[PDB]
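Before any questions on binding or motion, here is one chain by itself as structure tokens, the form deposited in one PDB entry.
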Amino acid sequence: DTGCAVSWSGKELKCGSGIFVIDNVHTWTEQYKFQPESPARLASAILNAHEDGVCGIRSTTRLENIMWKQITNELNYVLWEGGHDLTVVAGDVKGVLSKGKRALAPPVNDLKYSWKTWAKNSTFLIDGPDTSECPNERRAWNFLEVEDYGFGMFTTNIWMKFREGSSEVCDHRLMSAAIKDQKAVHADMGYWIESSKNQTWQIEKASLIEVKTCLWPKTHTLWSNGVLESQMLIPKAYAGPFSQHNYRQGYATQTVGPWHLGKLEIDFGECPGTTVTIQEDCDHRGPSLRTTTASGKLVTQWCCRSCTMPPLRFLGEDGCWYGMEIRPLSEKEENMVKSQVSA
């Protein structure tokens, strides 16, 4: 990556070559696009797995769900020209990007209509609401990989291919990481986790435009030695880096945080109108609670047992959510909105 960068740092201007890590989160990206493999290998793979017992597909990333939505119509068109009783319904992503337990095998004996590359009583659901009629245990998940990159001056195309097997790790050709002086970052196309040093290395900010469920690869992780799974601020189950930069003093793993929102902004401070004090009389931690009740009134007094100021705070479209360790004082938890993540 040959180029120049005006590092703010008060001053300083340096140009050269190396690796430059960009945030695609705080740009409202329209420059990255997923291009599928083939209209006949994919339709054949979907049809082949339906007879095996596969119910549908669960997307791994927010960028993959966009791809499934734009190619669904031709996916049904291919399955209709061959006289196949199957319809593909593409839903939208609401909440966590849940994981399935199956995969799509590379098709054999596929269809040859005219090319090779880009309402019936039998449905093939893709994403959408969670339903017990078509459970997640029969849904394909994490069966695609990155092939190359493209151009266009307005968007960059990403070409896909089937995975060689079944894996629980996120695709590494989309992630980054960088440390320099006293600032680290663990980047992604939906994650942007920042850390810094003030007498200690601990997490500083995070912007999640999605909540995944795969595992962060340890080849793209800084300081991944001597890591305890119960200290990871962003849990391992939500693609949190297995690093010691993913840590904050006085806070354990946030397993029952407000991950159901989808988009999140993790930062450390006080929600407007609220006060947090450190007391020994506070009860143990639990599900994260919103600062405003369902009625609408705002809870003002909060307390934690052994946290560290400023308090951990989650910000979404719903409102302001506190950490697991911070508990209400002026209102009973029973009359409060709590995280819907089922432990």
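Superpose the two forms; the largest set of C-alphas matching within 1.5 Å is the rigid core. Residues that one form lacks are left out of the comparison. One rule holds for the numbers: they count along the sequence shown, beginning at 1.
- In the record comparison, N109 is unmodelled in at least a third of the other entries of this protein that model the residues flanking it.
- Notably, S122 is an intermittent gap: at least a third of the other compared entries of this protein, restricted to those modelling both its neighbours, have no coordinates for it.
- The deposited sequence places no unmodelled residues between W223 and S224, so the chain runs continuously there.
Beyond what is shown, the protein has a form deposited in another entry; the following relates to that form.
- With the core held fixed by superposition, the comparison between the shown form and the other one singles out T29 as the only member of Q301, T29, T308, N48 whose CA moves by at least 2 angstroms.
- When two forms of a protein are overlaid on their rigid core, residues whose CA moves 2 Å or more are considered shifted, and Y149 is not one of them between the shown form and the other one.
- Panel note: the distance between the CA atoms of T27 and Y149 is smaller in that other deposited form than in this form, the difference being 3 Å or more.
- A change of 3 Å or more separates the two forms for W28 and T72: their C-alpha atoms lie farther apart in that other deposited form.
- Segments of at least three consecutive residues in which every Cα is displaced by 2 Å or more between the shown form and the other one, once the core is aligned, are found at 26 to 31, 151 to 154.
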